[PDB]
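Okay, here's what each chain looks like letter by letter:
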There are 4 protein chains.
Amino acid sequence: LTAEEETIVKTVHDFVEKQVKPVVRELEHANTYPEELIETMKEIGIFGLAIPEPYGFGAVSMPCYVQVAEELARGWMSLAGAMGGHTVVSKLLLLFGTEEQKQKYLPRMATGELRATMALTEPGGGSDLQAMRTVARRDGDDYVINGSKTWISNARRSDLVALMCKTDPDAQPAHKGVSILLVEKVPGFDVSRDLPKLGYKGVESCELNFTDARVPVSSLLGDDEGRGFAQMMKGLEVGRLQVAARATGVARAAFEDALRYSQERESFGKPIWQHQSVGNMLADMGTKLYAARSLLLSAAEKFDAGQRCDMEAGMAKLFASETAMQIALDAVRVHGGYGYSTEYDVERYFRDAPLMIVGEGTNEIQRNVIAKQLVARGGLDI
Amino acid sequence: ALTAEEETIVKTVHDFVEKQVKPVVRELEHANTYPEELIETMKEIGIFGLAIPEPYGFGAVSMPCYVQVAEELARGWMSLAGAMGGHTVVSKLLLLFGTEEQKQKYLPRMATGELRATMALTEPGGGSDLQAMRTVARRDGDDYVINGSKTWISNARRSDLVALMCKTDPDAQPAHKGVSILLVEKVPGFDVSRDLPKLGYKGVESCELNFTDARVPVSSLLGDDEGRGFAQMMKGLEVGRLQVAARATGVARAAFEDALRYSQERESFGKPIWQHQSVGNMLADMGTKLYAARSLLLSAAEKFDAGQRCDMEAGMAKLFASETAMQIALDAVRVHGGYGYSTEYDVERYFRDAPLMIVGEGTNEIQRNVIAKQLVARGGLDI
Amino acid sequence: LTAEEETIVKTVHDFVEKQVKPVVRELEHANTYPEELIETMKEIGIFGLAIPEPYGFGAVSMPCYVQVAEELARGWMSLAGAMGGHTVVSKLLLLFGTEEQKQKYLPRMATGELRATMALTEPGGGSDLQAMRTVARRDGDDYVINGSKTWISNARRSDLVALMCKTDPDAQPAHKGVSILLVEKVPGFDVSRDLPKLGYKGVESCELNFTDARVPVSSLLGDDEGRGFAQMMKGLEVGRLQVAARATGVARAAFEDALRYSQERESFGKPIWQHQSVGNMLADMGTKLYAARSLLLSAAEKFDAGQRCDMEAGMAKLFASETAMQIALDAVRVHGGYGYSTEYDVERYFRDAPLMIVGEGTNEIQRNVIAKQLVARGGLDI
Amino acid sequence: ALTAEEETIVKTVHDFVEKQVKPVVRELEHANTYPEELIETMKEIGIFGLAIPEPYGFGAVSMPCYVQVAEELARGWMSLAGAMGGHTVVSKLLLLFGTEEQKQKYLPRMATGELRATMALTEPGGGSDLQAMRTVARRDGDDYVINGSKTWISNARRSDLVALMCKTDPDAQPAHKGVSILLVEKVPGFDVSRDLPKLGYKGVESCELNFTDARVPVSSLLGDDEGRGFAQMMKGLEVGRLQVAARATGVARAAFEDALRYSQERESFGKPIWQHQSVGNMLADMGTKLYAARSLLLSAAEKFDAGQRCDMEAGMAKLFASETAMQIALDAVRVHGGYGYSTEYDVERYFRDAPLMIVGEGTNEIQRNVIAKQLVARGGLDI
Ligand SMILES: Cc1cc2c(cc1C)N(C[C@H](O)[C@H](O)[C@H](O)COP(=O)(O)OP(=O)(O)OC[C@H]1O[C@@H](n3cnc4c(N)ncnc43)[C@H](O)[C@@H]1O)c1[nH]c(=O)[nH]c(=O)c1N2
Ligand SMILES: Cc1cc2c(cc1C)N(C[C@H](O)[C@H](O)[C@H](O)COP(=O)(O)OP(=O)(O)OC[C@H]1O[C@@H](n3cnc4c(N)ncnc43)[C@H](O)[C@@H]1O)c1[nH]c(=O)[nH]c(=O)c1N2
Ligand SMILES: Cc1cc2c(cc1C)N(C[C@H](O)[C@H](O)[C@H](O)COP(=O)(O)OP(=O)(O)OC[C@H]1O[C@@H](n3cnc4c(N)ncnc43)[C@H](O)[C@@H]1O)c1[nH]c(=O)[nH]c(=O)c1N2
Ligand SMILES: Cc1cc2c(cc1C)N(C[C@H](O)[C@H](O)[C@H](O)COP(=O)(O)OP(=O)(O)OC[C@H]1O[C@@H](n3cnc4c(N)ncnc43)[C@H](O)[C@@H]1O)c1[nH]c(=O)[nH]c(=O)c1N2
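Residues numbered from 1 in each chain as written, not as in the entry; some residues may be left out. Chains lettered and ligands numbered in written order. Heavy atoms only, no water. Residues with missing side-chain atoms left out of burial classes, pairs and counts.

Draft legend 1. Structural view of the overall build of chain B. Counting its secondary structure elements, chain B contains 11 helices and nine strands. A globule of 383 residues ought to have a C-alpha radius of gyration of about 21 Å, and chain B, at 21 Å, matches this closely. Within chain B, contacts between residues separated by at least 24 positions form 75% of all contacts whose residues are at least 6 apart in sequence. (Helix = DSSP H or I, 4+ residues; strand = E, 2+ residues; numbered from the N terminus. Rg over C-alpha atoms; globule rule 2.2 N^0.38 Å. Contact = heavy atoms within 4.5 Å.)

Draft legend 2. Summary view of the site of ligand 2. In the vicinity of ligand 2, 34 residues are found, and the nearest of them are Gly126, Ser127, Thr362 and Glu364 of chain A together with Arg334 of chain B. A distance of 2.6 Å is found between an oxygen atom of ligand 2 and a side-chain nitrogen or oxygen belonging to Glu364 of chain A. A distance of 2.8 Å separates an oxygen atom of ligand 2 from a polar side-chain atom of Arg266 of chain B. For ligand 2, whose accessible area on its own is 980 Å², the fraction buried by protein is 95%. (Near = heavy atom within 4 Å. Polar contact = N/O pair within 3.5 Å; in protein donor to acceptor, adjacent residues only side chain to side chain. Areas by Shrake-Rupley, 256 points an atom, 1.4 Å probe, with all protein chains shown as cover.)

Draft legend 3. The arrangement of the packing of helix α7 (residues 276-304) of chain A against helix α9 (residues 311-335) of chain D in detail. Contact geometry for α7 of chain A and α9 of chain D: axes closest at 10 Å, N-to-C directions at 90 degrees. Relative to α9 of chain D, the element α7 of chain A lies roughly perpendicular. Counting all contacts with α7 of chain A, which are made through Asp284, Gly286, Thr287, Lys288, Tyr290 and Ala291 of chain A, the residues of α9 of chain D involved are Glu313, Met316, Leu319 and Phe320 of chain D. A breakdown of the residues in the contact of α7 of chain A with α9 of chain D according to their chemical character gives five nonpolar, two polar and three charged. (Axes fitted to C-alpha atoms, helices over the stretch in contact; angles between N-to-C directions. Parallel < 35°, antiparallel > 145°, perpendicular 65-115°, else oblique. Nonpolar A, V, L, I, M, F, W, Y, C, P; charged D, E, K, R; others polar.)

Draft legend 4. Geometry of the interface of chain A and chain B. Between chain A and chain B, the residue contacts involve 44 residues of the former and 44 residues of the latter. Buried area between chain A and chain B, both sides added, is near 3700 Å², and the carbon and sulfur share of it is 62%. The three residues of chain A that bury the most area against chain B are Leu198, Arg333 and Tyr340 of chain A, which together make up 22% of that side's buried surface. Taken together, chain A and chain B are joined by three salt bridges. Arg333 of chain A is the partner of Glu323 of chain B in a salt bridge, and the nearest nitrogen-oxygen pair spans 2.9 Å. The interface formed by chain A and chain B holds 19 residue pairs in polar contact in total. Sorting the residues of the side of chain A that touches chain B by element identifies β3 (142-153), β8 (266-267), α7, α8 (310-334), α9 (346-358) and α10 (363-377) of chain A as the ones contributing at least two each. The leading source of residues in the side of chain A that touches chain B is α9 of chain A, at eight residues. (Buried area = accessible area lost by both parts, 1.4 Å probe. Salt bridge = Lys/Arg side-chain N within 4 Å of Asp/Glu carboxyl O.)

Draft legend 5. Here's a closer look at the pairing of strand β3 (residues 142-153) of chain C. All names here are of chain C. Within β3, nine of the 12 residues are buried, leaving the element largely enclosed by the surrounding structure. Here strand β2 (residues 135-139) pairs with β3 via five bridges, running antiparallel. Looking across to β3, one finds that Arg138 is bridged to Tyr143. From the end of β2 to the start of β3, which pair antiparallel, there are two residues, and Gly140 there has a positive phi angle of about 65 degrees. Two elements, β3 and strand β7 (residues 205-216), share nine bridges in a ladder whose sense is antiparallel. In the sheet register, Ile152 faces β7, and the bridge partner there is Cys206. (Buried < 20%, exposed > 50% of the residue type's maximum accessible area, 1.4 Å probe, protein only. Pairing = 2+ DSSP bridges.)

Draft legend 6. Structural detail: the pattern of salt bridges. Here the structure, examined in full by the defined rule, presents 132 salt bridges over all chains. In this structure, the salt-bridge partner of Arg246 of chain A is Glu360 of chain A, at a minimum N-O distance of 2.8 Å. Residue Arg246 of chain A is found in helix α6 (residues 228-264), and its partner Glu360 of chain A is found in the loop between α9 and α10; the two are separated by 114 residues along the sequence. The residue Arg261 of chain B makes a salt bridge to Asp258 of chain B at a minimum N-O spacing of 3.3 Å. Of this pair, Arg261 of chain B and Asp258 of chain B both sit in helix α7 (residues 229-265), three residues apart, which is roughly one turn of the helix. When its relative accessible area of 39% is taken as the criterion, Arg261 of chain B is described as partly exposed. Several salt bridges share partner residues, and in doing so they unite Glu18, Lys22, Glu71, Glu72, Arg75, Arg253, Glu257 and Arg294 of chain B into one network.

Draft legend 7. Inspection of the environment of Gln275 of chain B at higher detail. Residues and elements named next belong to chain B. As for its position among the elements, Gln275 is in the loop between β9 (271-272) and α8 (277-305). A residue is classified by how much of its surface remains accessible, and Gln275, at 34% relative accessible area, is partly exposed. As a C-alpha pair, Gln275 and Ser263 span 12 residues in sequence and 8.5 Å in three-dimensional space.

Draft legend 8. Representation of the side chain of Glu29 of chain B within the structure. For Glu29 of chain B, the location among the structural elements is in helix α2 (residues 25-30). Every residue in contact with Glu29 of chain B, bar those within four places of it in the chain, is listed here: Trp77, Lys202, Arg349 and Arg352 of chain B.

Draft legend 9. A look at the side chain of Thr324 of chain B. If you trace the backbone, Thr324 of chain B turns up in helix α9 (residues 311-335). Beyond its immediate sequence surroundings of up to four residues, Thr324 of chain B is in contact with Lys289, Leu290 and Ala293 of chain B.

Draft legend 10. Local environment of the site of ligand 4. Among the 34 residues in the neighbourhood of ligand 4, the closest are listed as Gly126, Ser127, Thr362 and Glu364 of chain C together with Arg334 of chain D. Neighbouring residues of ligand 4 are not confined to a single chain but are spread across chains B, C and D. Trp151 of chain C is positioned with one of its backbone polar atoms (N or O) 2.9 Å from a nitrogen atom of ligand 4. Within the side chain of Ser268 of chain D, an N or O atom sits 2.8 Å from a nitrogen atom of ligand 4. Bound to the protein, ligand 4 loses 94% of the 970 Å² it would expose on its own. The set of elements that each furnish at least two residues to the shell around ligand 4 consists of β1 (116-119), β3, α9 (346-358) and α10 (363-377) of chain C together with α8 (277-305) and α9 of chain D. Here the shell around ligand 4 is built from residues that sort into 14 nonpolar, 16 polar and four charged.

Draft legend 11. Spatial organisation of helix α4 (residues 63-76) of chain B. Between the first and last C-alpha of α4 of chain B there are 20 Å, a value that for 14 residues agrees with the 20 Å anticipated at 1.5 Å per step. The element α4 of chain B is extensively covered by neighbouring structure, given that 14 of its 14 residues are classed as buried. (Expected span 1.5 Å × (residues − 1).)

Draft legend 12. Layout of the nonpolar core. Ranked by internal contacts, the top residues of the largest apolar core, which has 474 residues, are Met109 of chain A, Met110 of chain B, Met109 of chain C together with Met110 of chain D. In this view, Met109 of chain A contacts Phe47, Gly48, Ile51, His86, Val89, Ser90, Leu93, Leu114, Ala116 and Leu160 of chain A; residues no more than four positions away in its chain are not counted. (Core = buried A, V, L, I, M, F, W, Y, C linked by side-chain atoms within 4.5 Å.)

Draft legend 13. Main features of the domain arrangement of chain A. Residues and elements named next belong to chain A. Splitting chain A by domain gives domain 1 (1-115), domain 2 (116-224) and domain 3 (227-375). Of note, the centres of domain 1 and domain 2, computed from C-alpha atoms alone, are 23 Å apart. At the interface, 26 residues of domain 1 touch 22 residues of domain 2. Summed over both sides, the interface between domain 1 and domain 2 buries roughly 2000 Å², with carbon and sulfur atoms accounting for 60% of that surface. Our count for the contact surface shared by domain 1 and domain 2 stands at one salt bridge. Where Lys104 meets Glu184, a salt bridge forms, and the shortest distance between an N and an O atom there is 3.1 Å. Breaking the side of domain 1 that touches domain 2 down by element, the ones donating at least two residues are α1 (3-29), α4 (77-96) and α5 (99-111). At 11 residues, α4 tops the list of elements feeding residues into the side of domain 1 that touches domain 2. (Domains from an automatic or database assignment.)

Draft legend 14. Quick peek at the packing of aromatic side chains. What the rule picks out here adds up to 20 aromatic pairs over all chains. On the numbers, 4.5 Å between centres and 35 degrees between planes, the contact of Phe190 of chain B with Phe211 of chain B is tilted. Residue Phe190 of chain B is found in strand β6 (residues 190-195), and its partner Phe211 of chain B is found in strand β7 (residues 206-217); the two are separated by 21 residues along the sequence. For the pair shown, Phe190 of chain B and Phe211 of chain B are each scored as buried. Through pairs of rings, three or more aromatic residues link up here, namely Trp151 of chain A together with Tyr262, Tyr339 and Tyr345 of chain B. A cation over a ring is seen here: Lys186 of chain B above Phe190 of chain B, with NZ or CZ 5.8 Å from the ring centre. Stacked on the ring of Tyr201 of chain B, the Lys or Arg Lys198 of chain B has its end atom at 4.2 Å from the ring centre. (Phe/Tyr/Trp six-rings, centres within 6.5 Å; stacked < 30°, edge-to-face > 60°. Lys NZ or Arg CZ within 6 Å of the ring centre and 35° of its normal.)

Draft legend 15. Quick look at the interface of chain B and chain C. The interface of chain B with chain C comprises 38 residues on the first partner and 38 residues on the second. For the chain B and chain C pair, buried surface summed over both sides reaches about 3200 Å², with 74% attributable to carbon and sulfur atoms. Seen at the junction of chain B and chain C, the total is two salt bridges. Here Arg367 of chain C ties to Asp285 of chain B by a salt bridge, and the two come within 2.4 Å at their closest N and O atoms. Where chain B touches chain C, the interface holds six residue pairs in polar contact. Of all the secondary structure elements, the ones that give two or more residues to the side of chain B that touches chain C are α7, α8, α9 and α11 (364-378) of chain B. The biggest single contributor to the side of chain B that touches chain C is α8 of chain B, with 18 residues.

Dropping the structure here:
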């Protein structure tokens, strides 16, 4: 990384060590929205990491970005979650947005004055998006939106929502009917309920209801209707990389606590790491985490070099997310009974890890996508 | 075969779980509310007397029946099985090792649940390395004077008899011959100090205990001789490991049932999700492992009951079932997709409860050590 | 088990200890057909374990049967393989055969004078049997058979082959066109080639070619054409149980060698089992093997009690077969470098284990079948 | 970035594998035939001089290039990478620790393959517990007199220089300071006793060595001082672990390629088998793990080359890649169904070769022990 990029990663690490870690336990326990921490994140530039001049201060490299996201997640997964969707919307705007849209939204998004999130998932399905029921019917110079979404993260605090919806529910082929609309908080758009979650606490995830919600037709992302799927798929290069960084972040936290505790707790006359059963866990955890970060960093470099990286980003997400779950459980084992205590942090990492497996696209879907990609590519890029 | 009465008790407990436990468990468990009404119904059912024969109680069910009762309870809510586990182990220790006076003093009120008991072994400085324990009981006239501390003691507040493993001779040679078990009532100097906040196993309290100059009569000693605490506990761990294995198969049954049901209710891409191989494969693996774990458990319970050696088999049951329940709990979350993460669904609770049987009822690392040594002592499996 | 059944299991165990184990290494290495050992197996009654009076001495209980098969496999998997298909054909004859067929074949099968095997698999597919190309066209009082099978075990030494084939390739629905024929070694039926295998050595597995091979129409198993699938599916209750017993057998052998070696080999001043890394493997191996046998024995009892046991038999096969593979590799680990030497037996168990995973129906298919069964049943039988 | 010449060498080795190795490997490997022609072509290519710089040889490639060459070789046939592994490690030990005389005596003929070297550490009594080794070298005038035995020594017959770890002072205090490495030629008393029959790694011999009153000059000592054998070997194990990791990723690449190709050629139930999720999922998991393992390997190779600490990272690469190759090899067998079991297909060979990198190049149990200790010494990962 360049010195400027190294400095950014260090500022975030120091932010996590000095500001996040002292307060996270109490806030996460009470499901308190971390306003002060988020505000500091806006000040250091977290909400503009993908936004270049003239709209923002500059788009850091993807290797820098994943390190930032990892550092945040290592302190508290929810903080990285607070900017994940926002970064994806940023990227979608840059790739596909009109000049007017980019100009309208990107400058305030970069400071975090305006936050954005992604609304794809419907109550009837998050995987089978083609079956979605949310429609956007053209009426004069407006779309009239009727439907619902759920599990939408940061939905209350985000005043721009990238809504995947059916601009033509009767299109043939059906993919021509699906678009992305950039939807502000207009009448008829209700953020109807906060959903109670195992982990990812502090950040709200919500049901959305649209009852004849009118938005200008200029809300369309890009010039053409029916590009929503192709657009999303490109968005997922960044999405999958950030989720993977979230997972290596949670894994780092759990591994660090486990390794530290194994030196401080003794049994049968020695530090517990010197029992092979515990040392073996530490060796496996560290080795898999090194593999996971190595893969992540490799995928990020491919992204940065402008090479095809869609499969690689997916593999990063699959591997890191499964790895973080394994590491989290083993960190609990290393603490013995104290692993089960809410006065230690490992139980929280254990609660947080599944989010990246089931709640950021599923890993079953991710495997299906990787298999298709392997066949298309003919193997790994070696 | 289970006797008539034994089949009936299992059914009664299943019905209690379906009609009384399941409709209130979310609210109680989420609020960490002590389930006083549910536990009282368990007392009436006879749950606290399952190992207590006549003349003290209304009959000791077979071990295969006992594990099925524990499994049914845990299927509804792991914590309700936890409520009676240590009590059962103490019941057994009294029968195996107690004087006639002790058995008569405690077992009749234990069988009804009027008196509850728990086991206190774990110290803040270690639950595995018990030889290093600091709790001491020193003879002074016809009392023991107890000083020290224990922690993670389940049901310590609601239990008014505690089987306390402590050093009656800290200078013993060999050192393991200095450890005994005392049956300690709630005497002056015995403080039940605080409820420890936990990931799961909610509703049931686990506590730190502090003993300051706590006087009990020397008749509190379990058995006639000091220095047999470890031997006695080993024998108690046969019951303990089987009951923990049953907790784990019960939690597994609950997670698996929910996942299988959900996989038929939820559809994607035009069909019930079980018909996608990625999901159907998880169900097949879950169901297959669960069948393996219950088969192992029931085999070990029958060996216990046939009077055959079952110490290794009980540890195997605990190890296999607890690891299996954790695997099944996670996969049940996966089957639910995003809803697996919601506390309005039950699979997140099983996921939070499953690690308890792995790290908090003796650890699985210690359990493998014990099994390796037993395999060598035995020369392999009993075949 | 009854005393008679205990005695049978003991006779086989003693046969394995006294006769098999001294010679297996040299024979298996050279792919030598174990004629003497097979002949002894005929003499002790292995080929009539499922054949009742009046045709044979008696059908042992399924719990007895799985213990016999396990004992054989523990000495050498190939020996249990030599009687597996034969037992299934025995069972198919008893369940579905005419009185004439049963009388013709079962008495000689019970002594092993006549051996039988199952021929389902085609070169084009062993899983997708409905797509099979082998046809049996009626011409007068004969079927004329044209096609091919492959991976047919014991095909040279078996003079009766239960051939799944299409008696009506145009049937609608297509399952009405599939039958089982009991085919003797007639002209036009070539056992064309022996296939070289990783393990399962000593026993031949062959390609079969049928070129206008004529058999009497009385060769049909049962009175009706188009019952082949339903018949096979019933045959697989016994098939899956025997394969599961083969796996627990190989697992017992590998575990026993590993446990023994861990007491006899020392490093850093002590027997290697006392290193937790090795002890942990032994504990896991023993525990999983106990689970596997417990499940197997439970499924066998259900079979014997006449309760539905099809899912259970499949679960037994899946679990035991995966377990034996895991145990075999770990037995190799326990031996260190000597695990890799062909002068020790663990490499052979390692080569043999995959057979039960890929070569006795696949475990992927087995999982699909179990999922369907779980949905049909509504869960486990508890 | 790889230099021009470095990219070219990798391509040359890939082409050699595709055109020369693959068409003959089955017949040779099945017959345990020493691949003399293939190895001779490897000599001409420069394979035996990859770590030997000027003035001794035509240049030491970077470590990232080296691992890619080793991986390409192993992809074709694990045994061909094995043929040059120990030779590379000895090359490095000579460069790090040898006198000018030793370097000049051996490295020029080593670089061409005219002289081959191997490492002899493992004893019949143990390959892990090397401190317990029985091979001794006792000074007598200006000779060492060597007595003892080694086993599993790869390429012992074809290699005419053996780096022998032995006790120059069996009474040393501390005991580890009695162990040295001697560069031993094929002298009277040094018997290469027999080729050990193996599950895989065929074509290349592994042998028992027996030393009886075997005299070598004292100048055979690697370095100026006795008692540094363990320290020197640790340094050599950086190269050794990286090369073994590369063998494992190479074998994995071969198994994965075959499985992916087969999954497109074979159809069932109306489609290419990859389109059944059970198969596609295996491919996704295989490809994902392989990518992880190669990423880790290349990261560790770059650290080596940047002069950064890489001792833990090399062990991690070996552990992860070897376990990954075994998993991928089995799943490739599964993908082929029954044909996976046929010796007319190649996946059975990868399956037989993969355990070598787990149990026979230091064990993975020892490797985890080493990694745990390193993690503690370091305080975690280098991040
Ligand atoms: C909610 C709840 C409820 C209860 C309990 C726990 C919890 C969490 N337990 C306490 C429980 O039995 C205890 O946690 C375990 O004995 C493990 O103890 P430590 O936490 O001290 O692990 P400890 O500090 O011993 O071990 C930490 C880690 O090192 C490992 N380790 C330690 N020594 C080792 C060795 N020699 N070899 C290999 N690995 C080794 C452990 O396996 C673990 O991974 C208890 N107790 C009680 O007495 N009565 C009760 O009612 C309950 N109930
Ligand atoms: C806390 C939190 C936060 C968020 C989100 C979730 C959660 C829990 N998500 C929603 C998330 O992406 C969603 O849960 C997943 O897409 C999975 O969707 P379903 O729950 O609908 O699984 P679904 O019902 O699709 O699947 C259920 C199970 O079946 C499997 N399955 C389904 N179809 C299959 C197939 N064809 N093949 C194989 N297996 C198949 C799945 O893998 C899963 O195991 C979200 N969404 C969003 O739009 N914006 C957001 O901000 C967030 N944030
Ligand atoms: C084909 C082939 C080729 C070669 C070699 C092997 C093979 C099979 N090796 C030998 C190889 O390095 C050796 O096998 C390993 O060092 C393991 O040694 P043992 O077989 O003596 O295992 P050992 O007897 O040390 O161990 C047996 C089991 O116990 C475990 N164990 C032992 N001590 C332990 C501890 N303290 N803690 C935890 N677990 C422990 C091991 O991990 C293993 O599971 C070799 N050598 C050489 O010098 N030069 C060469 O060229 C080759 N090449
Ligand atoms: C040594 C030996 C001995 C015997 C046999 C094999 C071998 C190797 N078998 C044949 C064996 O039963 C056969 O190999 C299996 O049925 C698998 O068949 P294919 O190899 O055709 O796999 P196939 O080509 O069907 O499958 C290839 C891969 O795709 C997977 N797959 C295929 N369809 C799928 C689907 N719908 N969903 C998910 N995954 C799917 C498979 O699981 C496998 O991983 C046999 N047969 C016989 O009739 N008589 C005998 O005596 C013997 N004995």
